[PDB]
>>> print(open('target_6.cif').read())   # mmCIF, C-alpha atoms
data_start
loop_
_atom_site.group_PDB
_atom_site.id
_atom_site.type_symbol
_atom_site.label_atom_id
_atom_site.label_comp_id
_atom_site.auth_asym_id
_atom_site.auth_seq_id
_atom_site.Cartn_x
_atom_site.Cartn_y
_atom_site.Cartn_z
ATOM 1 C CA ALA L 1 24.821 -17.869 -14.736
ATOM 2 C CA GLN L 2 25.681 -21.564 -15.003
ATOM 3 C CA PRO L 3 22.253 -23.144 -15.807
ATOM 4 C CA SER L 4 19.493 -21.215 -17.606
ATOM 5 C CA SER L 5 18.461 -23.354 -20.577
ATOM 6 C CA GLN L 6 16.013 -22.350 -23.310
ATOM 7 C CA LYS L 7 14.139 -25.659 -23.174
ATOM 8 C CA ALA L 8 11.062 -27.214 -21.559
ATOM 9 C CA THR L 9 11.015 -25.647 -18.091
ATOM 10 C CA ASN L 10 9.360 -23.038 -15.859
ATOM 11 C CA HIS L 11 9.660 -19.309 -16.578
ATOM 12 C CA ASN L 12 9.148 -17.666 -13.174
ATOM 13 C CA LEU L 13 10.462 -19.662 -10.215
ATOM 14 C CA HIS L 14 11.060 -16.241 -8.632
ATOM 15 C CA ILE L 15 7.666 -15.369 -7.159
ATOM 16 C CA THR L 16 7.229 -18.996 -6.097
ATOM 17 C CA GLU L 17 10.551 -19.328 -4.283
ATOM 18 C CA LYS L 18 9.852 -15.999 -2.588
ATOM 19 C CA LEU L 19 6.244 -16.808 -1.706
ATOM 20 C CA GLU L 20 7.904 -19.564 0.296
ATOM 21 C CA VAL L 21 10.433 -17.293 2.003
ATOM 22 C CA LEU L 22 7.665 -15.140 3.455
ATOM 23 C CA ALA L 23 5.574 -18.221 4.218
ATOM 24 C CA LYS L 24 8.405 -19.478 6.421
ATOM 25 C CA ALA L 25 8.503 -16.119 8.204
ATOM 26 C CA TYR L 26 4.887 -16.447 9.330
ATOM 27 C CA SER L 27 5.316 -20.102 10.292
ATOM 28 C CA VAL L 28 8.085 -18.973 12.647
ATOM 29 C CA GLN L 29 6.054 -16.106 14.103
ATOM 30 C CA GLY L 30 3.317 -18.632 14.805
ATOM 31 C CA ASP L 31 0.876 -17.734 12.040
ATOM 32 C CA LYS L 32 -1.046 -20.935 11.308
ATOM 33 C CA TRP L 33 -3.768 -19.049 9.428
ATOM 34 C CA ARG L 34 -1.486 -16.744 7.450
ATOM 35 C CA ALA L 35 0.980 -19.498 6.553
ATOM 36 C CA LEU L 36 -2.025 -21.609 5.554
ATOM 37 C CA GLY L 37 -3.287 -19.212 2.900
ATOM 38 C CA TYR L 38 0.222 -18.352 1.736
ATOM 39 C CA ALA L 39 1.485 -21.917 1.348
ATOM 40 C CA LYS L 40 -1.836 -22.792 -0.277
ATOM 41 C CA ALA L 41 -1.169 -20.202 -2.972
ATOM 42 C CA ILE L 42 2.294 -21.660 -3.519
ATOM 43 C CA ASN L 43 0.684 -25.065 -4.015
ATOM 44 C CA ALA L 44 -1.333 -23.603 -6.884
ATOM 45 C CA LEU L 45 1.767 -22.187 -8.561
ATOM 46 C CA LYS L 46 3.432 -25.562 -8.021
ATOM 47 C CA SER L 47 1.330 -26.762 -10.955
ATOM 48 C CA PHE L 48 1.328 -23.494 -12.906
ATOM 49 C CA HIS L 49 3.278 -23.861 -16.153
ATOM 50 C CA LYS L 50 2.666 -20.514 -17.861
ATOM 51 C CA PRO L 51 4.138 -17.324 -16.286
ATOM 52 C CA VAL L 52 2.159 -14.527 -14.626
ATOM 53 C CA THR L 53 1.125 -11.112 -15.956
ATOM 54 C CA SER L 54 -1.873 -9.862 -13.970
ATOM 55 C CA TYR L 55 -3.594 -10.470 -10.631
ATOM 56 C CA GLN L 56 -6.744 -11.769 -12.332
ATOM 57 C CA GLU L 57 -4.728 -14.272 -14.359
ATOM 58 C CA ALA L 58 -3.193 -15.496 -11.103
ATOM 59 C CA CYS L 59 -6.518 -15.742 -9.277
ATOM 60 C CA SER L 60 -7.747 -17.972 -12.107
ATOM 61 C CA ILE L 61 -5.615 -20.725 -10.566
ATOM 62 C CA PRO L 62 -7.433 -22.935 -7.993
ATOM 63 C CA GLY L 63 -6.122 -22.615 -4.449
ATOM 64 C CA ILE L 64 -5.704 -18.844 -4.544
ATOM 65 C CA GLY L 65 -7.947 -15.799 -4.248
ATOM 66 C CA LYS L 66 -8.328 -12.055 -4.770
ATOM 67 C CA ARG L 67 -6.248 -10.882 -1.807
ATOM 68 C CA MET L 68 -3.497 -13.311 -2.809
ATOM 69 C CA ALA L 69 -3.765 -12.328 -6.469
ATOM 70 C CA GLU L 70 -2.869 -8.692 -5.819
ATOM 71 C CA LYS L 71 -0.291 -9.982 -3.340
ATOM 72 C CA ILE L 72 1.590 -11.718 -6.147
ATOM 73 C CA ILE L 73 1.545 -8.584 -8.298
ATOM 74 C CA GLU L 74 2.877 -6.597 -5.343
ATOM 75 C CA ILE L 75 5.924 -8.862 -5.170
ATOM 76 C CA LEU L 76 6.458 -8.165 -8.867
ATOM 77 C CA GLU L 77 6.325 -4.432 -8.183
ATOM 78 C CA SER L 78 9.314 -4.729 -5.842
ATOM 79 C CA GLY L 79 6.889 -3.873 -3.058
ATOM 80 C CA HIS L 80 6.149 -0.270 -3.987
ATOM 81 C CA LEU L 81 8.585 1.570 -6.252
ATOM 82 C CA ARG L 82 12.276 0.860 -5.655
ATOM 83 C CA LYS L 83 13.851 -2.278 -4.201
ATOM 84 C CA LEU L 84 15.433 -2.317 -0.743
ATOM 85 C CA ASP L 85 18.100 -4.536 0.824
ATOM 86 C CA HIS L 86 16.779 -5.806 4.161
#
>>> encode(input="target_6.cif", output="structure tokens")
Amino acid sequence: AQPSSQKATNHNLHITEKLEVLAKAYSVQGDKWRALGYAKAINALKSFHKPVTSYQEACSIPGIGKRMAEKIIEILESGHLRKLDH
């Protein structure tokens, strides 16, 4: 832990950086549609200052939707129950 400063800065940066990791996966598999909706959601968070708490609060941001909303929460739930090392 070198950085981490309690000043004016984001609070998540986790779900966003990850939403990109998966987005790249689809882009490689040749998913123009999937990568379109995924990256679009990331664009919305690119302007989001306050953190996330619920799916509805996330869907309130332009550029996202319902399916994506719950998608974000899923990533916060480690997927299901416990985390796995792929």
>>> residues_around(input="target_6.cif", residues="residue 49 in chain L", least_positions_apart="6", cutoff="10 Å", atoms="all atoms listed in the file", output="PyMOL selection string")
chain L and resi 9-12
>>> atom_distance(input="target_6.cif", atom1="CA of residue 22 in chain L", atom2="CA of residue 36 in chain L")
11.8 Å
>>> residues_around(input="target_6.cif", residues="range 64-76 of chain L", least_positions_apart="5", cutoff="6 Å", atoms="all atoms listed in the file", output="list in words")
residues 41, 55, 58 and 59 of chain L
>>> axis_aligned_box(input="target_6.cif", around="range 19-36 of chain L", padding_each_side="6 Å", output="AutoDock Vina command-line options")
--center_x 3.3 --center_y -18.4 --center_z 6.5 --size_x 26.2 --size_y 18.5 --size_z 28.5
>>> atom_distance(input="target_6.cif", atom1="CA of residue 51 in chain L", atom2="CA of residue 13 in chain L")
9.1 Å
>>> resolve_selection(input="target_6.cif", expression="the PyMOL selection byres ((chain L and resi 42) around 9)", output="PyMOL selection string")
chain L and resi 16-17+19-20+37-41+43-46+63-64
>>> atom_distance(input="target_6.cif", atom1="CA of residue 52 in chain L", atom2="CA of residue 85 in chain L")
24.3 Å
>>> build_atoms(input="target_6.cif", residues="range 1-20 of chain L", atoms="N, CA, C and O atoms", output="short mmCIF file (atom, residue, chain, number, x, y, z; two decimals), in the frame of the given file")
data_model
loop_
_atom_site.label_atom_id
_atom_site.label_comp_id
_atom_site.auth_asym_id
_atom_site.auth_seq_id
_atom_site.Cartn_x
_atom_site.Cartn_y
_atom_site.Cartn_z
N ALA L 1 25.85 -17.20 -13.96
CA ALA L 1 24.82 -17.87 -14.74
C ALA L 1 25.34 -19.18 -15.33
O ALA L 1 25.84 -19.20 -16.45
N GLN L 2 25.22 -20.25 -14.56
CA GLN L 2 25.68 -21.56 -15.00
C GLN L 2 24.58 -22.32 -15.75
O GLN L 2 24.80 -22.79 -16.87
N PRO L 3 23.37 -22.44 -15.16
CA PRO L 3 22.25 -23.14 -15.81
C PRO L 3 21.56 -22.28 -16.86
O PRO L 3 22.19 -21.86 -17.83
N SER L 4 20.26 -22.03 -16.67
CA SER L 4 19.49 -21.22 -17.61
C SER L 4 19.52 -21.82 -19.01
O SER L 4 20.38 -21.50 -19.82
N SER L 5 18.56 -22.70 -19.28
CA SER L 5 18.46 -23.35 -20.58
C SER L 5 17.14 -23.01 -21.26
O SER L 5 16.08 -23.02 -20.62
N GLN L 6 17.20 -22.70 -22.55
CA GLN L 6 16.01 -22.35 -23.31
C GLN L 6 15.28 -23.60 -23.79
O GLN L 6 15.11 -23.81 -24.99
N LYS L 7 14.85 -24.43 -22.85
CA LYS L 7 14.14 -25.66 -23.17
C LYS L 7 12.84 -25.77 -22.37
O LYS L 7 12.35 -24.77 -21.83
N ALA L 8 12.30 -26.98 -22.30
CA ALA L 8 11.06 -27.21 -21.56
C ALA L 8 11.28 -27.06 -20.06
O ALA L 8 11.81 -27.96 -19.40
N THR L 9 10.87 -25.92 -19.52
CA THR L 9 11.02 -25.65 -18.09
C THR L 9 10.20 -24.42 -17.68
O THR L 9 9.67 -23.71 -18.53
N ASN L 10 10.11 -24.18 -16.38
CA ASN L 10 9.36 -23.04 -15.86
C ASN L 10 9.92 -21.73 -16.41
O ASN L 10 10.93 -21.71 -17.11
N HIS L 11 9.24 -20.62 -16.10
CA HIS L 11 9.66 -19.31 -16.58
C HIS L 11 9.79 -18.30 -15.44
O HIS L 11 10.48 -17.29 -15.57
N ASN L 12 9.11 -18.57 -14.32
CA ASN L 12 9.15 -17.67 -13.17
C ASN L 12 10.12 -18.16 -12.11
O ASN L 12 11.26 -17.70 -12.04
N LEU L 13 9.66 -19.09 -11.28
CA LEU L 13 10.46 -19.66 -10.22
C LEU L 13 10.96 -18.60 -9.23
O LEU L 13 11.62 -18.93 -8.24
N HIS L 14 10.64 -17.34 -9.50
CA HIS L 14 11.06 -16.24 -8.63
C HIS L 14 9.99 -15.95 -7.58
O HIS L 14 10.27 -15.96 -6.38
N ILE L 15 8.78 -15.67 -8.05
CA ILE L 15 7.67 -15.37 -7.16
C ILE L 15 7.30 -16.57 -6.29
O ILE L 15 6.82 -16.42 -5.17
N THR L 16 7.53 -17.77 -6.82
CA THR L 16 7.23 -19.00 -6.10
C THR L 16 8.22 -19.21 -4.96
O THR L 16 7.82 -19.45 -3.81
N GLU L 17 9.50 -19.14 -5.28
CA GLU L 17 10.55 -19.33 -4.28
C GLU L 17 10.45 -18.28 -3.17
O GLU L 17 10.77 -18.57 -2.02
N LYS L 18 10.00 -17.08 -3.53
CA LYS L 18 9.85 -16.00 -2.59
C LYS L 18 8.58 -16.19 -1.76
O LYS L 18 8.59 -16.00 -0.55
N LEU L 19 7.50 -16.58 -2.41
CA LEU L 19 6.24 -16.81 -1.71
C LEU L 19 6.47 -17.80 -0.57
O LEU L 19 5.72 -17.83 0.41
N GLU L 20 7.54 -18.59 -0.70
CA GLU L 20 7.90 -19.56 0.30
C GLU L 20 8.71 -18.91 1.42
O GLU L 20 8.54 -19.24 2.59
#
